[PDB]
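Asker: Below is one structure. I have some questions about it.
If you want it as structure tokens, here you go:
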């Protein structure tokens with residue numbers, strides 16, 4: 003009586019510690035390559051920002067009017083999104099983006115700033131709604147008449163909630179010094195912002211920038227995080243985009259940047275710009291910048307793990 | 003004659019490349035979890051800053067009067083520590099903190115500035131010693147009388163030592179534009195610091211801030227590292243907190259942030275906010291931010307290394 | 003008939019999973035230590051910057067007159083290199099260095115800036131050629147006569163090419179405010195720079211400094227990357243070092259910092275400050291900061307891999 | 328897989344088995360214990376390697392608006408380093424697991440061979456190519472007794488010893 | 328640990344040993360050489376893995392004053408990546424070391440088995456369950472001669488050969 | 328490398344071999360198959376480990392003009408972490424490869440030993456120290472027949488069986 007083992011005609015070559023190309027009976031794949039070209043959002047509160055920029059949800063341009071108090075577990079940024087309607091820019095924009103991605107949504111609350119002696123309905127034709135408007139959560143502070151003298155004002159706000167508040171203000175930069183003297187009066191303009199962890203101090207820089215939205219003026223957007231029972235103070239006299247409503251983080255979520263469609267029938271926890279990686283393999287060779295609960299990215303295209311014995315044919 | 007191997011009744015389950023839960027005879031632990039809730043400083047020069055902040059040791063508030071020229075191999079920061087007595091803030095504070103943590107102590111040296119035609123004894127009720135005082139290493143230059151005029155002064159200091167010098171000055175921000183004229187006279191008002199690598203240029207930003215330490219004025223603390231044989235120049239005419247003594251790094255040390263007591267009988271080289279990790283294992287699951295010569299942090303709570311044969315009992 | 007294995011009198015001790023010092027027949031080295039004290043540049047377009055700084059190639063000091071439009075696959079920075087001739091420094095200098103190292107060379111193109119009503123021939127004795135000159139790619143903008151008003155000007159440049167352009171301008175800081183008034187006029191001077199993803203608004207700093215190159219004034223360079231069909235806009239009225247030619251990245255290369263000679267007979271892809279690491283071993287213990295296609299740095303000096311059986315001699 | 332010169336492509340019942348050629352006929356029956364042993368071991372490796380990670384990583388870059396060039400180069404540098412580390416770990420992991428898998432299967436084969444050898448003490452002799460020459464006509468029921476480990480190593484001793 | 332169906336819980340003297348049942352009585356004596364061999368190997372693994380790292384890492388974060396949000400997210404990203412790397416390396420390390428420990432000890436057991444098997448050439452026969460049936464009454468002094476590797480493989484040959 | 332008490336320093340022809348002492352004289356001839364097997368395996372390990380990396384890393388620091396102290400400390404921290412990771416992987420890699428190399432060579436030695444043992448069925452007997460006592464005067468041509476695996480296991484059976 004003799005005894006032996008089985009074999010197949012067409013084996014699978016694998017790599018071992020000794021040789022390279024050992025033909026075994028059967029083998030499986032350990033590096034994932036199949037990608038679903040859709041954002042699998044089954045069972046997740048998803049907000050597709052679309053043309054609305056993530057930062058705009060705090061300031062409130064027209065395209066973000068429906069995202070002022072959103073709530074989601076998965077935030078998707080689109081390439082056509084815009085943070086601003088009037089040409090401007092955020093200072094420390096990427097940090098604020100990373101804060102808002104895992105924020106689980108935002109909740110606005112009136113800061114309660116009352117004004118007296120100036121014109122508060124400053125707007126522009128770029129932030130168009132019914133007619134010409136401005137940021138929904140901001141208030142462009144101008145002088146009372148066509149030139150006049152912008153009185154010195156001081157506005158204080160105390161965070162009376164158990165979570166840190168997101169405060170965003172703006173410093174206006176006119177096309178020229180003449181337009182600054184027109185909007186807020188002549189003389190040196192100065193805005194000061196103070197709290198427990200924050201201080202400084204802005205002076206407007208009038209001048210003609212590159213034409214954006216047919217406008218050569220800019221608006222610098224700044225932000226800080228107030229702690230509970232902490233107080234912020236503003237001392238200004240012109241060129242001030244005052245905040246009207248503060249933001250509060252709802253809970254926890256995840257932020258991704260994609261360009262594919264949203265699918266509510268497939269489920270996954272690994273996302274990238276190309277879609278969703280649905281796999282149980284320990285490695286993947288699709289996107290090195292995949293976020294979520296992903297397999298570890300490797301540069302090998304295939305790493306066959308042997309699941310059978312050594313194939314010795316004939 | 004027969005022959006076999008030993009076995010125990012109560013083995014220890016471990017994990018292998020093949021199975022998960024193989025019961026062997028004996029096994030040890032490779033991931034450390036036992037923590038000593040004390041800062042083991044046996045054989046190390048240790049400075050417990052306490053209520054004194056690490057940055058204050060350069061400016062010298064009252065609570066840091068006993069840390070102006072300290073020397074240590076291990077620096078401990080406490081949660082009740084304060085860098086300022088008069089409400090202010092440091093620019094690039096964390097970088098200066100990381101510089102002072104490994105500095106091995108600081109050595110002050112007089113910069114020699116002498117003044118003519120102004121007041122030099124500016125003091126506040128916040129920096130109290132015997133009565134109202136100020137920062138020990140700083141000079142609050144005022145006007146000679148209650149409004150007066152502050153002349154343009156220029157003060158230069160040359161580093162004449164083989165090690166880089168730590169220079170720290172301050173820009174004062176009054177509660178309003180008027181108190182600024184009470185302290186330094188009407189009008190502007192310009193400070194200018196310069197070296198071979200550095201040059202800037204400050205205009206006071208007066209305004210109302212959030213009340214910190216019962217005062218609404220702020221003091222910005224700036225710093226630079228002079229190289230040997232280089233000179234720093236201060237051309238100012240008001241709102242200048244002049245430096246009186248420069249700092250020099252003594253040697254090398256380590257900085258930790260803890261909240262537990264200091265113990266001089268136990269010895270360790272791995273520290274965290276909860277205590278000292280004294281272990282010989284290659285891994286630990288206590289604190290991912292542990293500093294010093296620590297075992298590598300892992301997320302697994304226990305990883306049992308097999309130290310015995312396969313337990314095949316009966 | 004008996005049978006056995008071979009042995010040698012002088013074996014080689016190695017380390018295993020069990021013992022430490024197992025004497026085997028033969029063993030090889032896996033950690034590279036031999037270093038070639040030369041920069042092996044055989045088959046590579048190499049540009050030895052020498053006394054010319056890498057950033058200067060964009061501004062064009064005298065020492066960089068032969069590196070204004072260089073092209074290379076390997077860029078070598080020398081310790082005697084200088085980015086400036088007039089005292090000053092680049093802001094975000096390291097990022098621009100890392101951009102220019104892998105740039106594969108630079109290609110200048112006239113930005114086409116015409117002027118009227120001021121001088122554009124500001125020169126210094128520090129940037130000396132035949133007589134006193136200035137940066138080759140820059141133009142020091144002065145006021146038409148001593149004192150007098152520098153007119154407000156706005157100069158825009160559109161990137162009409164398929165690759166991003168490197169725009170570099172400069173802010174001048176005089177030895178005093180009187181010197182600034184003489185070169186450009188009285189009043190608050192200010193420069194504004196804006197594009198589609200940039201806006202910064204610089205301000206000069208007329209103070210008092212010690213003399214680098216015998217000069218107490220500074221000229222600091224700033225830079226941004228214009229996108230295709232994107233436009234940049236400048237608004238200035240004094241203390242402006244205008245750009246005359248923009249830079250375009252040629253292709254791809256590598257940048258190293260070394261102090262050894264260049265050799266065109268040896269070939270290698272791993273470089274460090276001491277020379278070239280030519281080896282096929284998977285590890286090396288020469289320089290932890292080696293760049294290129296290098297073996298993985300380890301702290302062990304030697305790790306002998308066993309290539310023979312266990313040596314049991316007599 | 329050594330002195331066993333080749334495998335049995337016709338053996339489609341299991342990983343290991345016997346093929347007896349006596350006087351009554353011939354048989355080829357797969358052994359379930361060793362086959363299920365190697366299958367359970369490989370299944371253990373698969374259940375250990377195929378794993379889901381509970382660690383979540385957030386977005387640190389920005390594909391639509393590039394971040395600062397310096398911190399971006401640091402991010403790409405760290406990501407490339409981690410990529411090299413995980414590539415090395417994956418390569419070495421797969422190679423080692425394949426090696427231990429092959430040597431494991433060979434170890435099981437040798438276990439079965441020496442087990443059947445210990446079943447037949449003096450009633451059979453090794454041939455060299457993985458067969459056991461039997462010095463007595465072992466019928467099909469005797470072969471089945473050898474397969475299920477019930478062959479009496481003494482009620483056939485004298486007969487095969489005379490041969 | 329294979330054909331040896333179970334271990335001896337009463338064997339508290341060493342890792343390996345013999346339990347002889349002859350005519351004079353019975354004995355259970357632990358073998359010192361193989362036991363000390365496996366103990367020295369495991370001790371080598373322990374001395375190799377239990378190690379102190381001379382590399383010192385400084386404080387890059389700040390628990391009392393949080394640093395910049397961006398560089399802080401980069402620091403947490405890198406620290407989480409390194410944590411995953413060391414977690415994987417520790418898991419795989421422990422697994423591989425346990426596997427090689429088990430297979431190593433089994434290898435020592437088989438070494439002892441085939442060693443005593445080579446001591447008794449034709450004077451004894453294998454039984455199948457890790458025993459050597461002796462065809463001659465081997466007294467306690469003879470058993471002790473087999474334990475310390477002094478059993479003469481020829482001065483008992485003819486007697487056991489007749490049986 | 329176990330019961331083989333020591334190696335042959337005079338054997339300079341190969342890794343394994345035979346040294347026969349019969350009546351005609353003595354011989355020491357290296358076996359080419361097993362030697363070439365171990366040599367091919369070690370050569371495979373060398374070709375697998377000795378490798379060139381196609382990943383290029385750029386200069387992230389600056390040796391002539393030091394960068395910002397904070398980002399510089401982050402760069403040094405990450406570089407030190409990666410350095411520790413690669414040092415650990417290199418140490419464990421070398422140790423594991425050496426262990427598997429030694430155990431591999433010993434495995435080949437045992438393969439040759441048991442192969443020659445299976446060649447001589449009942450015409451020779453094991454001695455205990457890695458030799459095969461032959462009960463019949465095997466001449467040099469017979470020894471050469473054993474080396475190239477052509478020894479007839481039956482045409483010398485009765486003669487050695489009588490002895």
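Residue numbers (the authors' numbering), protein chains in the order written: chain E, 3 to 316; chain A, 3 to 316; chain C, 3 to 316; chain F, 328 to 490; chain B, 328 to 490; chain D, 328 to 490.
Ideal Cβ placement from N, Cα and C applies to all residues, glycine included.
(1) Would residue 141 of chain A and residue 244 of chain A qualify as a contact pair, given that the criterion is a beta-carbon distance under 8 Å?
(2) When the distance is taken between beta carbons, is residue 175 of chain E closer than 8 Å to residue 209 of chain E?
(3) Does chain E have any CB closer than 8 Å to the CB of residue 51 of chain C?
(4) Verify the CB distance criterion: does residue 187 of chain E have a CB-CB separation below 8 Å to chain A?
(5) I want to know whether the segment 67 to 83 of chain C touches the segment 198 to 206 of chain C - three or more CB-CB distances under 8 Å.
(6) Give the secondary structure of residue 217 of chain A by DSSP, where H, G and I count as helix, E and B as strand, and everything else as coil.
(7) In three-state DSSP terms, what is residue 347 of chain D?
(8) Residue 462 of chain D and residue 444 of chain D - do their beta-carbons sit closer together than 8 Å?
(9) Is it true that the CB of residue 359 of chain D sits closer than 8 Å to the CB of residue 7 of chain C?
(10) Could you say which of E:4, E:158, E:223 lies nearest to residue 98 of chain E if we only look at CA atoms?
(11) According to DSSP, what are the bridge partners of residue 15 of chain A?
(12) Just confirm the distance between the C-beta atoms of residue 270 of chain E and residue 42 of chain E, as a whole number of angstroms; I'd bet it's less than 8 Å.
(13) What whole-angstrom Cβ distance do residue 341 of chain A and residue 12 of chain A have, given they're in contact under 8 Å?
(14) Would you decide whether residue 163 of chain A is buried or exposed? Buried here means 16 or more other CB atoms lie within 10 Å of its CB.
(15) Strictly by DSSP, which residues pair up with residue 286 of chain A?
(16) When the cut-off is 8 Å and only beta carbons count, does residue 400 of chain D lie next to chain B?
(17) CB-CB under 7 Å to residue 338 of chain B, same chain, minus the five flanking residues each way: which ones, in chain order?
(18) Using the Cβ count rule (16 or more neighbours within 10 Å means buried), how would you classify residue 300 of chain E?
(19) Count the CB pairs spanning the segment 186 to 198 of chain C and the segment 147 to 161 of chain C that are closer than 8 Å, and state whether there are at least three.
(20) Pop quiz: residue 29 of chain E and residue 308 of chain E are said to be a contact at Cβ under 8 Å. What is the actual Cβ separation, rounded to whole angstroms?
(21) Between which two residues does the alpha helix (DSSP H) containing residue 365 of chain F stretch?
(22) Assuming residue 284 of chain A and residue 298 of chain A are in contact, meaning their beta carbons sit under 8 Å apart, how far apart are those beta carbons, in whole angstroms?
(23) Which two residues bound the contiguous alpha helix (DSSP H) that contains residue 436 of chain D?
(24) Would you verify that the beta carbon of residue 387 of chain B is, or is not, closer than 8 Å to some beta carbon of chain D?
(25) Answer with yes or no whether the minimum CB distance from residue 372 of chain F to chain A is below 8 Å.
(26) Note down the Cα distance separating residue 257 of chain A from residue 272 of chain A, rounded to an integer number of angstroms.
(27) Of all Cβ atoms in chain F, is any one closer than 8 Å to the Cβ of residue 21 of chain A?
(28) Could you tell me whether any Cβ in chain F is nearer than 8 Å to the Cβ of residue 2 of chain C?
(29) Exposed or buried, residue 488 of chain D, counting other C-beta atoms within 10 Å across all chains shown (16 or more means buried)?
(30) Kindly say whether residue 363 of chain D, judged by its beta-carbon, lies nearer than 8 Å to any beta-carbon of chain F.
(31) Tell me which residues of the segment 165 to 197 of chain E have at least one Cβ-Cβ distance to chain A shorter than 7 Å, keeping chain order.
(32) Under a three-way DSSP split, which group does residue 245 of chain C fall into?
(33) What in chain A is Cβ-close to residue 397 of chain D, meaning under 9 Å?
(34) Helix, strand or coil, according to DSSP, for residue 471 of chain B in the structure here?
(35) Is the CB of residue 201 of chain E under 8 Å away from at least one CB in chain A?
(36) I need the DSSP call for residue 1 of chain C, collapsed to helix, strand or coil.
Answerer: Quick answer:
(1) Locating residue 141 of chain A in the second chain gives position 139, counting from the first residue. Locating residue 244 of chain A in the second chain gives position 242, counting from the first residue. In this structure, residue 244 of chain A lies closer than 8 Å to residue 141 of chain A by Cβ.
(2) The residue labelled residue 209 of chain E in the question sits at position 207 within the first chain. The residue labelled residue 175 of chain E in the question sits at position 173 within the first chain. Yes, these two residues count as a Cβ contact at 8 Å.
(3) Position 49 of the third chain, counting from 1, holds the residue named residue 51 of chain C. With 8 Å as the cut-off, residue 51 of chain C does not count as an interface residue toward chain E.
(4) The residue given as residue 187 of chain E occupies position 185 in the first chain. Chain A, which has no Cβ nearer than 8 Å to the Cβ of residue 187 of chain E, makes this no.
(5) Touching, no.
(6) Taking the first residue of the second chain as 1, we reach residue 217 of chain A at position 215. Note: residue 217 of chain A maps to strand in three-state DSSP.
(7) Reading the sixth chain from its first residue, position 20 is the one you call residue 347 of chain D. Three-state DSSP puts residue 347 of chain D in a strand.
(8) Sequence index remark: in the sixth chain, residue 444 of chain D carries index 117 (1-based). Sequence index remark: in the sixth chain, residue 462 of chain D carries index 135 (1-based). Cβ distance not < 8 Å, so residue 444 of chain D and residue 462 of chain D don't count as in contact.
(9) Here the question's residue 7 of chain C lines up with position 5 in the third chain. Here the question's residue 359 of chain D lines up with position 32 in the sixth chain. No, they are not a contact pair.
(10) Within the first chain, numbered from 1, the residue matching residue 98 of chain E stands at position 96. Considering only alpha carbons, the answer is E:223.
(11) Along the second chain, one-based indexing puts residue 15 of chain A at 13. In the DSSP output, where bridge partners are listed per residue, residue 15 of chain A has A:25.
(12) Position 268 of the first chain, counted from the start, is the residue given in the question as residue 270 of chain E. Position 40 of the first chain, counted from the start, is the residue given in the question as residue 42 of chain E. Going by Cβ atoms, the distance from residue 270 of chain E to residue 42 of chain E rounds to 4 Å, so yes, they are a contact pair.
(13) Any question about residue 341 of chain A goes unanswered here, given that chain A covers just 3 to 316.
(14) Residue 163 of chain A sits at position 161 when you count from the first residue of the second chain. The residue is exposed, with fewer than 16 neighbouring Cβ atoms inside 10 Å.
(15) As a working note, residue 286 of chain A is residue 284 in the second chain. Bridge partners of residue 286 of chain A: A:34, A:299.
(16) Mapped onto the sixth chain, residue 400 of chain D falls at position 73. For residue 400 of chain D, the answer is yes, since a Cβ of chain B falls inside 8 Å of its Cβ.
(17) Counted from its first residue, the fifth chain places residue 338 of chain B at position 11. Once the five neighbours on either side are set aside, the close Cβ partners of residue 338 of chain B are 344, 355, 357.
(18) To locate residue 300 of chain E, count along the first chain from 1; it is residue 298. Result: buried.
(19) Per the Cβ contact rule, the segment 186 to 198 of chain C is in contact with the segment 147 to 161 of chain C (3 or more Cβ pairs under 8 Å).
(20) Within the first chain, the letter at position 27 stands for residue 29 of chain E. Within the first chain, the letter at position 306 stands for residue 308 of chain E. Yes, residue 29 of chain E and residue 308 of chain E are in contact; Cβ-Cβ is about 5 Å, under 8 Å.
(21) The residue labelled residue 365 of chain F in the question sits at position 38 within the fourth chain. Unbroken alpha helix (DSSP H) run through residue 365 of chain F: 359 to 376.
(22) For this step, residue 284 of chain A is matched to residue 282 along the second chain. For this step, residue 298 of chain A is matched to residue 296 along the second chain. With a Cβ gap of about 7 Å, residue 284 of chain A and residue 298 of chain A count as contacting.
(23) As a working note, residue 436 of chain D is residue 109 in the sixth chain. Taken as a continuous stretch (DSSP letters only), the alpha helix (DSSP H) holding residue 436 of chain D covers 396 to 446.
(24) As a first step, residue 387 of chain B must be located in the fifth chain, where it is residue number 60. Interface residue, yes.
(25) Residue 372 of chain F sits at position 45 when you count from the first residue of the fourth chain. The beta carbon of residue 372 of chain F sits closer than 8 Å to some beta carbon of chain A.
(26) Here residue 257 of chain A corresponds to residue number 255 of the second chain, with the count starting at 1. Here residue 272 of chain A corresponds to residue number 270 of the second chain, with the count starting at 1. So the two alpha carbons sit approximately 12 Å from each other.
(27) Residue mapping note: residue 21 of chain A aligns to position 19 of the second chain, counting from 1. Chain F contact via Cβ: present.
(28) No information on residue 2 of chain C is available, as it lies outside the stretch 3 to 316 that chain C covers here.
(29) By one-based count along the sixth chain, residue 488 of chain D stands at place 161. It counts as exposed.
(30) Translated into the one-based positions of the sixth chain, residue 363 of chain D becomes position 36. Not one chain F Cβ lies under 8 Å of residue 363 of chain D.
(31) Answer set for the segment 165 to 197 of chain E: 192, 194, 196, 197.
(32) For this step, residue 245 of chain C is matched to residue 243 along the third chain. Strand, per DSSP.
(33) As a first step, residue 397 of chain D must be located in the sixth chain, where it is residue number 70. Under the 9 Å cutoff, chain A gives 94, 96, 97, 100.
(34) The sequence position of residue 471 of chain B within the fifth chain is 144, counting from 1. Looking at residue 471 of chain B - three-state DSSP - the assignment turns out to be helix.
(35) As a first step, residue 201 of chain E is located in the first chain; it is residue number 199 there, counting from the start. Chain A contact via Cβ: present.
(36) No answer is possible for residue 1 of chain C: the residues shown for chain C start at 3 and end at 316.
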